[PDB]
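A.B. asks: Structure supplied as final11.cif; contents: mmCIF, C-alpha atoms and all ligand atoms.
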data_upload
loop_
_atom_site.group_PDB
_atom_site.id
_atom_site.type_symbol
_atom_site.label_atom_id
_atom_site.label_comp_id
_atom_site.auth_asym_id
_atom_site.auth_seq_id
_atom_site.Cartn_x
_atom_site.Cartn_y
_atom_site.Cartn_z
ATOM 1 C CA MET B 1 2.193 30.911 22.089
ATOM 2 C CA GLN B 2 -0.336 28.387 20.757
ATOM 3 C CA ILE B 3 -0.823 27.459 17.124
ATOM 4 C CA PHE B 4 -2.810 24.739 15.424
ATOM 5 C CA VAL B 5 -1.575 22.174 12.891
ATOM 6 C CA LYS B 6 -4.250 20.392 10.807
ATOM 7 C CA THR B 7 -3.570 17.316 8.624
ATOM 8 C CA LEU B 8 -5.342 15.751 5.656
ATOM 9 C CA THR B 9 -6.484 13.018 8.075
ATOM 10 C CA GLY B 10 -8.431 15.536 10.192
ATOM 11 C CA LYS B 11 -6.198 15.499 13.277
ATOM 12 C CA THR B 12 -5.777 19.019 14.718
ATOM 13 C CA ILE B 13 -2.945 19.356 17.102
ATOM 14 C CA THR B 14 -1.790 22.244 19.301
ATOM 15 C CA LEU B 15 1.790 23.363 19.613
ATOM 16 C CA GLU B 16 3.580 25.831 21.858
ATOM 17 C CA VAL B 17 5.882 28.055 19.854
ATOM 18 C CA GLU B 18 7.793 31.359 19.775
ATOM 19 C CA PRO B 19 7.390 33.672 16.738
ATOM 20 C CA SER B 20 11.185 33.541 16.361
ATOM 21 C CA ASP B 21 11.065 29.733 15.986
ATOM 22 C CA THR B 22 12.114 28.605 12.496
ATOM 23 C CA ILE B 23 9.842 26.373 10.495
ATOM 24 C CA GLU B 24 12.428 23.654 11.035
ATOM 25 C CA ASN B 25 11.958 24.084 14.787
ATOM 26 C CA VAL B 26 8.274 23.546 14.289
ATOM 27 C CA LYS B 27 8.961 20.340 12.412
ATOM 28 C CA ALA B 28 11.236 19.078 15.170
ATOM 29 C CA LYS B 29 8.317 19.833 17.550
ATOM 30 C CA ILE B 30 6.111 17.645 15.355
ATOM 31 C CA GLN B 31 8.687 14.932 15.267
ATOM 32 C CA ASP B 32 8.668 14.946 19.115
ATOM 33 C CA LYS B 33 4.904 14.835 19.604
ATOM 34 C CA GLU B 34 3.899 12.721 16.551
ATOM 35 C CA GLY B 35 7.061 10.753 15.673
ATOM 36 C CA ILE B 36 7.096 12.133 12.118
ATOM 37 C CA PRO B 37 10.543 13.081 10.860
ATOM 38 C CA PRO B 38 10.951 16.619 9.339
ATOM 39 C CA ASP B 39 11.937 14.798 6.204
ATOM 40 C CA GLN B 40 8.266 13.837 5.764
ATOM 41 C CA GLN B 41 6.548 17.182 6.378
ATOM 42 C CA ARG B 42 5.494 19.958 3.941
ATOM 43 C CA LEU B 43 3.945 22.878 5.951
ATOM 44 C CA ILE B 44 1.530 25.485 4.598
ATOM 45 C CA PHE B 45 -0.078 28.735 5.801
ATOM 46 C CA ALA B 46 -2.442 30.848 3.652
ATOM 47 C CA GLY B 47 -1.678 28.754 0.537
ATOM 48 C CA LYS B 48 2.047 29.448 0.948
ATOM 49 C CA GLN B 49 4.589 26.625 1.449
ATOM 50 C CA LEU B 50 6.870 27.530 4.325
ATOM 51 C CA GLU B 51 10.652 27.471 4.020
ATOM 52 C CA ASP B 52 12.677 25.639 6.649
ATOM 53 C CA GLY B 53 14.998 28.604 7.427
ATOM 54 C CA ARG B 54 12.401 31.373 7.798
ATOM 55 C CA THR B 55 10.627 32.089 11.130
ATOM 56 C CA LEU B 56 6.928 32.029 11.974
ATOM 57 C CA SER B 57 6.954 35.832 12.268
ATOM 58 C CA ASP B 58 8.280 36.006 8.644
ATOM 59 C CA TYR B 59 4.774 34.856 7.660
ATOM 60 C CA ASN B 60 2.693 36.751 10.233
ATOM 61 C CA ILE B 61 1.612 33.683 12.128
ATOM 62 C CA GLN B 62 -0.313 35.125 15.106
ATOM 63 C CA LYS B 63 -1.452 33.444 18.356
ATOM 64 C CA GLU B 64 -4.195 30.880 17.336
ATOM 65 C CA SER B 65 -3.124 30.738 13.664
ATOM 66 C CA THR B 66 -3.796 27.431 11.860
ATOM 67 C CA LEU B 67 -1.054 25.801 9.761
ATOM 68 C CA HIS B 68 -1.721 22.836 7.481
ATOM 69 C CA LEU B 69 0.460 19.766 7.466
ATOM 70 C CA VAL B 70 0.803 17.504 4.411
ATOM 71 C CA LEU B 71 3.091 14.458 4.613
ATOM 72 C CA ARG B 72 5.335 13.339 1.741
ATOM 73 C CA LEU B 73 3.822 9.854 1.769
ATOM 74 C CA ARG B 74 2.440 7.595 -0.947
ATOM 75 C CA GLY B 75 0.898 4.175 -1.593
ATOM 76 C CA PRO Y 1 5.604 15.970 -7.286
ATOM 77 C CA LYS Y 2 2.744 16.690 -4.854
ATOM 78 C CA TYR Y 3 0.153 14.176 -6.303
ATOM 79 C CA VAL Y 4 1.690 11.095 -7.965
ATOM 80 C CA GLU Y 5 5.146 9.511 -7.921
ATOM 81 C CA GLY Y 6 5.696 6.970 -10.640
ATOM 82 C CA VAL Y 7 2.158 5.592 -10.366
ATOM 83 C CA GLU Y 8 1.595 5.898 -6.601
ATOM 84 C CA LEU Y 9 -0.885 8.472 -5.285
ATOM 85 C CA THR Y 10 0.379 10.602 -2.454
ATOM 86 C CA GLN Y 11 -1.568 11.786 0.531
ATOM 87 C CA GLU Y 12 -1.970 15.102 -1.304
ATOM 88 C CA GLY Y 13 -2.991 13.410 -4.546
ATOM 89 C CA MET Y 14 -5.758 11.332 -3.014
ATOM 90 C CA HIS Y 15 -7.371 14.537 -1.758
ATOM 91 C CA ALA Y 16 -6.941 16.041 -5.217
ATOM 92 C CA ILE Y 17 -8.409 13.291 -7.273
ATOM 93 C CA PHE Y 18 -11.554 13.089 -5.085
ATOM 94 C CA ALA Y 19 -12.059 16.857 -5.325
ATOM 95 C CA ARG Y 20 -11.743 16.688 -9.109
ATOM 96 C CA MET Y 21 -14.289 13.892 -9.320
ATOM 97 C CA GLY Y 22 -16.660 16.141 -7.416
ATOM 98 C CA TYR Y 23 -16.579 14.853 -3.853
ATOM 99 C CA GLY Y 24 -15.704 18.109 -2.122
ATOM 100 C CA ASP Y 25 -13.120 17.960 0.635
ATOM 101 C CA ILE Y 26 -12.436 14.306 1.463
ATOM 102 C CA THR Y 27 -10.654 13.341 4.689
ATOM 103 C CA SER Y 28 -8.361 10.296 4.519
ATOM 104 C CA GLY Y 29 -6.894 8.058 7.227
ATOM 105 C CA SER Y 30 -3.533 6.523 7.907
ATOM 106 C CA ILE Y 31 -1.787 3.799 9.809
ATOM 107 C CA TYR Y 32 1.624 5.273 10.448
ATOM 108 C CA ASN Y 33 4.119 3.449 12.702
ATOM 109 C CA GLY Y 34 1.368 0.866 13.489
ATOM 110 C CA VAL Y 35 -0.831 3.663 14.784
ATOM 111 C CA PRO Y 36 -4.129 4.433 13.037
ATOM 112 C CA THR Y 37 -5.707 7.838 12.643
ATOM 113 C CA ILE Y 38 -9.319 7.532 11.676
ATOM 114 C CA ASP Y 39 -11.706 10.495 11.875
ATOM 115 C CA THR Y 40 -14.961 8.605 12.546
ATOM 116 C CA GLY Y 41 -17.003 11.742 12.086
ATOM 117 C CA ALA Y 42 -15.765 12.297 8.573
ATOM 118 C CA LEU Y 43 -16.082 8.584 7.728
ATOM 119 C CA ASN Y 44 -19.729 8.980 8.716
ATOM 120 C CA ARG Y 45 -20.423 12.140 6.776
ATOM 121 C CA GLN Y 46 -18.588 10.983 3.649
ATOM 122 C CA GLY Y 47 -19.648 7.325 3.833
ATOM 123 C CA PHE Y 48 -16.091 6.180 3.101
ATOM 124 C CA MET Y 49 -12.394 6.873 3.798
ATOM 125 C CA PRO Y 50 -9.252 5.997 1.802
ATOM 126 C CA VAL Y 51 -6.613 4.961 4.323
ATOM 127 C CA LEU Y 52 -2.894 4.841 3.727
ATOM 128 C CA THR Y 53 -1.311 2.010 5.626
ATOM 129 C CA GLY Y 54 2.102 0.500 6.287
ATOM 130 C CA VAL Y 55 3.955 3.814 6.389
ATOM 131 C CA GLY Y 56 6.219 5.214 9.105
ATOM 132 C CA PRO Y 57 9.461 7.026 9.784
ATOM 133 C CA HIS Y 58 11.313 4.598 7.521
ATOM 134 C CA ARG Y 59 8.606 3.799 4.937
ATOM 135 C CA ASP Y 60 7.459 6.533 2.501
ATOM 136 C CA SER Y 61 5.501 4.060 0.436
ATOM 137 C CA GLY Y 62 2.613 1.898 1.732
ATOM 138 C CA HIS Y 63 -0.750 0.564 0.657
ATOM 139 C CA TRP Y 64 -4.029 2.340 0.054
ATOM 140 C CA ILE Y 65 -7.265 0.759 1.224
ATOM 141 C CA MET Y 66 -10.878 1.889 1.638
ATOM 142 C CA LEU Y 67 -13.129 2.010 4.661
ATOM 143 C CA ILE Y 68 -16.772 1.940 3.767
ATOM 144 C CA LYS Y 69 -19.831 2.780 5.802
ATOM 145 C CA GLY Y 70 -22.830 0.568 5.017
ATOM 146 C CA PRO Y 71 -26.300 0.912 6.456
ATOM 147 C CA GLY Y 72 -26.998 0.570 10.152
ATOM 148 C CA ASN Y 73 -23.988 -0.369 12.271
ATOM 149 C CA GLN Y 74 -22.069 -2.105 9.448
ATOM 150 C CA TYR Y 75 -18.722 -1.187 7.958
ATOM 151 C CA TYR Y 76 -16.548 -2.669 5.198
ATOM 152 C CA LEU Y 77 -12.891 -2.820 4.286
ATOM 153 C CA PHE Y 78 -11.771 -2.962 0.661
ATOM 154 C CA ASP Y 79 -8.111 -3.974 0.120
ATOM 155 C CA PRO Y 80 -7.161 -3.996 -3.614
ATOM 156 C CA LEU Y 81 -4.611 -6.741 -2.844
ATOM 157 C CA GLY Y 82 -7.577 -8.990 -1.898
ATOM 158 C CA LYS Y 83 -9.414 -10.489 1.081
ATOM 159 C CA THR Y 84 -6.441 -12.108 2.808
ATOM 160 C CA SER Y 85 -4.349 -8.958 2.678
ATOM 161 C CA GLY Y 86 -7.374 -7.010 3.990
ATOM 162 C CA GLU Y 87 -7.667 -9.297 7.005
ATOM 163 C CA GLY Y 88 -4.296 -8.007 8.245
ATOM 164 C CA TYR Y 89 -5.668 -4.639 9.408
ATOM 165 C CA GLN Y 90 -9.168 -5.753 10.238
ATOM 166 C CA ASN Y 91 -8.825 -5.872 14.015
ATOM 167 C CA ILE Y 92 -6.937 -2.672 14.490
ATOM 168 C CA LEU Y 93 -9.379 -0.718 12.384
ATOM 169 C CA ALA Y 94 -12.501 -2.308 13.904
ATOM 170 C CA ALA Y 95 -11.237 -1.094 17.288
ATOM 171 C CA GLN Y 96 -11.317 2.523 15.918
ATOM 172 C CA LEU Y 97 -14.978 2.453 14.932
ATOM 173 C CA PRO Y 98 -17.915 3.700 17.030
ATOM 174 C CA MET Y 99 -19.097 1.420 19.896
ATOM 175 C CA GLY Y 100 -21.291 -1.529 18.789
ATOM 176 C CA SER Y 101 -20.336 -1.492 15.092
ATOM 177 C CA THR Y 102 -18.976 -4.312 12.853
ATOM 178 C CA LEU Y 103 -16.194 -4.497 10.241
ATOM 179 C CA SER Y 104 -16.207 -7.012 7.324
ATOM 180 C CA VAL Y 105 -13.578 -7.545 4.718
ATOM 181 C CA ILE Y 106 -14.971 -7.386 1.188
ATOM 182 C CA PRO Y 107 -13.955 -10.724 -0.361
ATOM 183 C CA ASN Y 108 -12.315 -9.781 -3.699
ATOM 184 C CA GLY Y 109 -9.459 -11.823 -5.111
ATOM 185 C CA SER Y 110 -5.726 -11.312 -5.057
ATOM 186 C CA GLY Y 111 -3.284 -10.819 -7.936
ATOM 187 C CA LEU Y 112 -5.032 -7.761 -9.424
ATOM 188 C CA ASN Y 113 -3.527 -4.799 -7.577
ATOM 189 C CA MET Y 114 -0.597 -4.470 -10.033
ATOM 190 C CA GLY Y 115 0.976 -1.556 -8.124
ATOM 191 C CA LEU Y 116 -2.267 0.566 -8.508
ATOM 192 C CA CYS Y 117 -3.958 0.379 -5.077
ATOM 193 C CA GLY Y 118 -4.652 4.115 -4.958
ATOM 194 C CA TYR Y 119 -6.463 4.174 -8.283
ATOM 195 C CA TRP Y 120 -8.510 1.113 -7.368
ATOM 196 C CA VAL Y 121 -9.543 2.657 -4.067
ATOM 197 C CA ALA Y 122 -10.829 5.742 -5.890
ATOM 198 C CA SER Y 123 -12.904 3.850 -8.456
ATOM 199 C CA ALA Y 124 -13.849 0.393 -7.307
ATOM 200 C CA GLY Y 125 -13.718 1.686 -3.737
ATOM 201 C CA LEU Y 126 -16.556 4.043 -4.513
ATOM 202 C CA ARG Y 127 -18.591 1.628 -6.616
ATOM 203 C CA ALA Y 128 -18.609 -0.747 -3.659
ATOM 204 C CA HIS Y 129 -19.757 2.130 -1.333
ATOM 205 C CA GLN Y 130 -22.656 2.599 -3.704
ATOM 206 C CA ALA Y 131 -23.528 -1.070 -4.021
ATOM 207 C CA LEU Y 132 -23.636 -1.822 -0.303
ATOM 208 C CA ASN Y 133 -25.826 1.287 0.262
ATOM 209 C CA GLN Y 134 -28.403 0.944 -2.496
ATOM 210 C CA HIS Y 135 -32.078 0.038 -2.506
ATOM 211 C CA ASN Y 136 -31.654 -3.714 -2.878
ATOM 212 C CA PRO Y 137 -28.112 -4.485 -1.825
ATOM 213 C CA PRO Y 138 -26.422 -7.504 -3.339
ATOM 214 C CA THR Y 139 -24.863 -9.903 -0.842
ATOM 215 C CA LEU Y 140 -21.329 -9.377 0.405
ATOM 216 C CA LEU Y 141 -20.095 -12.393 -1.623
ATOM 217 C CA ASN Y 142 -21.669 -10.872 -4.767
ATOM 218 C CA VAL Y 143 -19.987 -7.575 -4.017
ATOM 219 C CA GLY Y 144 -16.544 -9.115 -3.700
ATOM 220 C CA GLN Y 145 -16.941 -11.265 -6.765
ATOM 221 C CA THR Y 146 -18.258 -8.321 -8.753
ATOM 222 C CA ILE Y 147 -15.268 -6.179 -7.823
ATOM 223 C CA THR Y 148 -12.838 -8.919 -8.771
ATOM 224 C CA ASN Y 149 -14.543 -9.077 -12.148
ATOM 225 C CA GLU Y 150 -14.281 -5.315 -12.598
ATOM 226 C CA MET Y 151 -10.672 -5.241 -11.831
ATOM 227 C CA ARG Y 152 -9.893 -7.882 -14.380
ATOM 228 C CA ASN Y 153 -12.198 -6.444 -17.075
ATOM 229 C CA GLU Y 154 -10.529 -3.128 -16.598
ATOM 230 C CA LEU Y 155 -7.043 -4.551 -17.017
ATOM 231 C CA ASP Y 156 -8.041 -6.416 -20.160
ATOM 232 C CA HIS Y 157 -7.078 -5.020 -23.608
ATOM 233 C CA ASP Y 158 -4.145 -2.945 -22.475
ATOM 234 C CA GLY Y 159 -5.942 -1.646 -19.403
ATOM 235 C CA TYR Y 160 -2.764 -1.132 -17.430
ATOM 236 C CA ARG Y 161 -1.331 1.476 -19.767
ATOM 237 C CA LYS Y 162 -4.661 3.302 -19.893
ATOM 238 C CA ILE Y 163 -4.921 3.561 -16.124
ATOM 239 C CA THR Y 164 -1.287 4.679 -15.751
ATOM 240 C CA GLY Y 165 -1.819 7.159 -18.599
ATOM 241 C CA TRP Y 166 -4.628 8.595 -16.481
ATOM 242 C CA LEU Y 167 -2.597 8.715 -13.276
ATOM 243 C CA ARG Y 168 0.144 10.522 -15.221
ATOM 244 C CA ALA Y 169 -2.382 13.004 -16.618
ATOM 245 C CA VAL Y 170 -3.763 13.697 -13.148
ATOM 246 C CA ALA Y 171 -0.243 14.657 -12.043
ATOM 247 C CA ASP Y 172 -0.520 17.841 -14.244
HETATM 248 N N1 LIG T 201 1.179 2.500 -3.124
HETATM 249 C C1 LIG T 201 0.871 1.651 -4.217
HETATM 250 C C2 LIG T 201 -0.135 0.672 -3.722
HETATM 251 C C3 LIG T 201 0.059 -0.740 -4.284
HETATM 252 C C4 LIG T 201 0.752 -1.588 -3.296
HETATM 253 O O1 LIG T 201 0.329 -1.573 -2.142
HETATM 254 O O2 LIG T 201 1.853 -2.434 -3.703
HETATM 255 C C5 LIG T 201 2.084 -3.633 -2.944
#
Translate the structure described by the file into structure tokens.

C.D. replies:
Amino acid sequence: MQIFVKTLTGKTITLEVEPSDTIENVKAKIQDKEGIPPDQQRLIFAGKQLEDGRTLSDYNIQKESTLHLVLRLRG
Amino acid sequence: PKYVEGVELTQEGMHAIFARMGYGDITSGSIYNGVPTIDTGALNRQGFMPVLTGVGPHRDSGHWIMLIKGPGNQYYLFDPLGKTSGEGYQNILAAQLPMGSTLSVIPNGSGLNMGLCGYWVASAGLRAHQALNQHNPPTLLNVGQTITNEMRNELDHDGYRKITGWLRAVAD
């Protein structure tokens, strides 16, 4: 299924995922498309931070749900 | 912690501090792994964009700068490290802008960043947006010189501790 990931830089990107995918899987999928290591990603859905071990279905992420991505980066 | 680490604003914290100062939802940019991400639409609407640069898979800590929309086709880059440092990213960012536009590096002096790029971007950054967009704009030399002056007046009389006190506060 298709979900959206939106960043604080305004990029929206689509991903193809299973509801049984862990959050860590999703991060690996972001590493592959965007080159960002899972190390650098905090993920968030309905103001909840998402734990690496839980699945997308653990949070009721439907088809066409929008996650938010924040990167652990500073200047 | 989400917003500030030591004295360095995070991606999350730069959003936060702008929202607190009353700018609504501000979109930022990045250059990550040599690759920019600039939302030209948002730069337009907002009039400016803080951009985090020199980060990547092996660098958590880079440099904040400010993209500024002037009137007409004109854009500006403010690097708190100064003009020379700002020239480094001038070409790659000018190539991200809408067709026919220009990018100029605000000519402020070096030796005043002091580790505080993110704070400078959020204060002086905005005061330069204002200046270049006002009724009778000063020249681009005046703007750069003025900013240099503001940075050093603000550091005077124990200014460093005051600014870092404020970044600490903002972390809570
Ligand atoms: N991230 C802190 C910004 C200041 C800086 O770029 O140090 C060289």

A.B. asks: Any chance you could work out the residue set of the PyMOL selection byres (((chain Y and resi 146) around 12) and not hetatm) here, as a list in words?

C.D. replies: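 Those residues are residues 106, 107, 108, 109, 124, 127, 128, 131, 132, 138, 139, 140, 141, 142, 143, 144, 145, 147, 148, 149, 150, 151, 152 and 153 of chain Y.
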
A.B. asks: With C-alpha atoms retained, write the just-selected residues as a tab-separated table (two decimals), in the frame of the given file.

C.D. replies:
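Result file part.tsv:
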chain	number	residue	atom	x	y	z
Y	106	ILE	CA	-14.97	-7.39	1.19
Y	107	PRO	CA	-13.96	-10.72	-0.36
Y	108	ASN	CA	-12.32	-9.78	-3.70
Y	109	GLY	CA	-9.46	-11.82	-5.11
Y	124	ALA	CA	-13.85	0.39	-7.31
Y	127	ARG	CA	-18.59	1.63	-6.62
Y	128	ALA	CA	-18.61	-0.75	-3.66
Y	131	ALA	CA	-23.53	-1.07	-4.02
Y	132	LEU	CA	-23.64	-1.82	-0.30
Y	138	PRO	CA	-26.42	-7.50	-3.34
Y	139	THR	CA	-24.86	-9.90	-0.84
Y	140	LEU	CA	-21.33	-9.38	0.40
Y	141	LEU	CA	-20.10	-12.39	-1.62
Y	142	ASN	CA	-21.67	-10.87	-4.77
Y	143	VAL	CA	-19.99	-7.58	-4.02
Y	144	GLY	CA	-16.54	-9.12	-3.70
Y	145	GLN	CA	-16.94	-11.26	-6.76
Y	147	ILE	CA	-15.27	-6.18	-7.82
Y	148	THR	CA	-12.84	-8.92	-8.77
Y	149	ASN	CA	-14.54	-9.08	-12.15
Y	150	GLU	CA	-14.28	-5.32	-12.60
Y	151	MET	CA	-10.67	-5.24	-11.83
Y	152	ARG	CA	-9.89	-7.88	-14.38
Y	153	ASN	CA	-12.20	-6.44	-17.08

A.B. asks: Using all atoms listed in the file, determine which residues lie at most 6 Å from segment 14-25 of chain B, disregarding the query and same-chain residues fewer than 2 positions distant; provide the list as a list in words.

C.D. replies: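 Using all atoms listed in the file, the neighbours found are residues 1, 2, 3, 4, 27, 28, 52, 53, 54, 55, 56 and 57 of chain B.
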
A.B. asks: Please identify every polymer residue within 8 Å of ligand LIG 201 (chain T), using all atoms listed in the file, and present the set as a compact mmCIF listing (two decimals) with C-alpha atoms, in the frame of the given file.

C.D. replies:
# COMPACT_ATOMS: atom_id res chain seq x y z
CA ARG B 74 2.44 7.60 -0.95
CA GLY B 75 0.90 4.18 -1.59
CA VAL Y 7 2.16 5.59 -10.37
CA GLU Y 8 1.60 5.90 -6.60
CA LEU Y 9 -0.88 8.47 -5.28
CA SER Y 61 5.50 4.06 0.44
CA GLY Y 62 2.61 1.90 1.73
CA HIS Y 63 -0.75 0.56 0.66
CA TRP Y 64 -4.03 2.34 0.05
CA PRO Y 80 -7.16 -4.00 -3.61
CA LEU Y 81 -4.61 -6.74 -2.84
CA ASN Y 113 -3.53 -4.80 -7.58
CA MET Y 114 -0.60 -4.47 -10.03
CA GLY Y 115 0.98 -1.56 -8.12
CA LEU Y 116 -2.27 0.57 -8.51
CA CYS Y 117 -3.96 0.38 -5.08
CA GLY Y 118 -4.65 4.12 -4.96

A.B. asks: In Å, with one decimal, what is the gap from atom CA of residue 49 of chain B to atom CA of residue 69 of chain B?

C.D. replies: 10.0 Å

A.B. asks: Adding 4 Å on each side of the box along x, y and z that holds all listed atoms of segment 139-146 of chain Y, could you give its centre and edge lengths in Å to one decimal, as AutoDock Vina command-line options?

C.D. replies:
--center_x -20.7 --center_y -10.0 --center_z -4.2 --size_x 16.3 --size_y 12.8 --size_z 17.2

A.B. asks: Please identify every residue of chain Y that has at least one atom no farther than 9 Å from an atom of chain B, counting only C-alpha atoms, and for each give the shortest atom pair and the distance in Å to one decimal, arranged by chain then increasing number, as CSV.

C.D. replies:
residue,atom,partner,partner_atom,distance
Y:2,CA,B:72,CA,7.8
Y:3,CA,B:74,CA,8.8
Y:4,CA,B:74,CA,7.9
Y:5,CA,B:74,CA,7.7
Y:7,CA,B:75,CA,9.0
Y:8,CA,B:75,CA,5.3
Y:9,CA,B:74,CA,5.5
Y:10,CA,B:74,CA,3.9
Y:11,CA,B:73,CA,5.9
Y:12,CA,B:70,CA,6.8
Y:13,CA,B:74,CA,8.7
Y:15,CA,B:8,CA,7.8
Y:26,CA,B:8,CA,8.4
Y:27,CA,B:9,CA,5.4
Y:28,CA,B:9,CA,4.9
Y:29,CA,B:9,CA,5.0
Y:30,CA,B:9,CA,7.1
Y:32,CA,B:36,CA,8.9
Y:33,CA,B:35,CA,8.4
Y:37,CA,B:9,CA,7.0
Y:38,CA,B:9,CA,7.1
Y:39,CA,B:10,CA,6.2
Y:42,CA,B:10,CA,8.2
Y:51,CA,B:9,CA,8.9
Y:52,CA,B:75,CA,6.6
Y:53,CA,B:75,CA,7.9
Y:54,CA,B:75,CA,8.8
Y:55,CA,B:73,CA,7.6
Y:56,CA,B:36,CA,7.6
Y:57,CA,B:36,CA,6.1
Y:59,CA,B:73,CA,8.3
Y:60,CA,B:73,CA,5.0
Y:61,CA,B:74,CA,4.9
Y:62,CA,B:75,CA,4.4
Y:63,CA,B:75,CA,4.6
Y:64,CA,B:75,CA,5.5
Y:115,CA,B:75,CA,8.7
Y:116,CA,B:75,CA,8.4
Y:117,CA,B:75,CA,7.1
Y:118,CA,B:75,CA,6.5

A.B. asks: Please write the residues picked by the PyMOL selection byres (((chain B and resi 68) around 7) and not hetatm) on this file as a PyMOL selection string.

C.D. replies: chain B and resi 5-7+43-45+66-67+69-70

A.B. asks: Kindly resolve the PyMOL selection byres (((chain Y and resi 101-103) around 8) and not hetatm) on the present coordinates and return the residues as a PyMOL selection string.

C.D. replies: chain Y and resi 73-77+90+94+97-100+104-105

A.B. asks: In Å, with one decimal, what is the gap from atom CA of residue 16 of chain Y to atom CA of residue 50 of chain B?

C.D. replies: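 Answer for the atom CA of residue 16 of chain Y to atom CA of residue 50 of chain B separation: 20.3 Å.
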
A.B. asks: For atom CA of residue 13 of chain B and atom CA of residue 46 of chain B, determine how far apart the two atoms are, in Å to one decimal place.

C.D. replies: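 Atom-to-atom, atom CA of residue 13 of chain B to atom CA of residue 46 of chain B, that is 17.7 Å.
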
A.B. asks: List every protein, DNA or RNA residue that has at least one atom no more than 10 Å from (-20.2, 4.6, 1.7) in the file's coordinates, counting all atoms listed in the file, and write the result as a PyMOL selection string.

C.D. replies: chain Y and resi 43-49+66-71+75-76+125-134

A.B. asks: Restricted to C-alpha atoms, what would the selected residues look like written as an mmCIF file, in the coordinates of the input?

C.D. replies:
data_model
loop_
_atom_site.group_PDB
_atom_site.id
_atom_site.type_symbol
_atom_site.label_atom_id
_atom_site.label_comp_id
_atom_site.auth_asym_id
_atom_site.auth_seq_id
_atom_site.Cartn_x
_atom_site.Cartn_y
_atom_site.Cartn_z
ATOM 1 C CA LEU Y 43 -16.082 8.584 7.728
ATOM 2 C CA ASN Y 44 -19.729 8.980 8.716
ATOM 3 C CA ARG Y 45 -20.423 12.140 6.776
ATOM 4 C CA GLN Y 46 -18.588 10.983 3.649
ATOM 5 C CA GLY Y 47 -19.648 7.325 3.833
ATOM 6 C CA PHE Y 48 -16.091 6.180 3.101
ATOM 7 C CA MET Y 49 -12.394 6.873 3.798
ATOM 8 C CA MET Y 66 -10.878 1.889 1.638
ATOM 9 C CA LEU Y 67 -13.129 2.010 4.661
ATOM 10 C CA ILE Y 68 -16.772 1.940 3.767
ATOM 11 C CA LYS Y 69 -19.831 2.780 5.802
ATOM 12 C CA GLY Y 70 -22.830 0.568 5.017
ATOM 13 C CA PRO Y 71 -26.300 0.912 6.456
ATOM 14 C CA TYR Y 75 -18.722 -1.187 7.958
ATOM 15 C CA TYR Y 76 -16.548 -2.669 5.198
ATOM 16 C CA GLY Y 125 -13.718 1.686 -3.737
ATOM 17 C CA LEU Y 126 -16.556 4.043 -4.513
ATOM 18 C CA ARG Y 127 -18.591 1.628 -6.616
ATOM 19 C CA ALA Y 128 -18.609 -0.747 -3.659
ATOM 20 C CA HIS Y 129 -19.757 2.130 -1.333
ATOM 21 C CA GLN Y 130 -22.656 2.599 -3.704
ATOM 22 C CA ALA Y 131 -23.528 -1.070 -4.021
ATOM 23 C CA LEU Y 132 -23.636 -1.822 -0.303
ATOM 24 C CA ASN Y 133 -25.826 1.287 0.262
ATOM 25 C CA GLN Y 134 -28.403 0.944 -2.496
#

A.B. asks: Restricting the calculation to only C-alpha atoms, which member of Y:169, Y:95, Y:112, Y:121 is positioned closest to residue 155 of chain Y?

C.D. replies: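 Of the candidates, the smallest distance to residue 155 of chain Y is held by Y:112.
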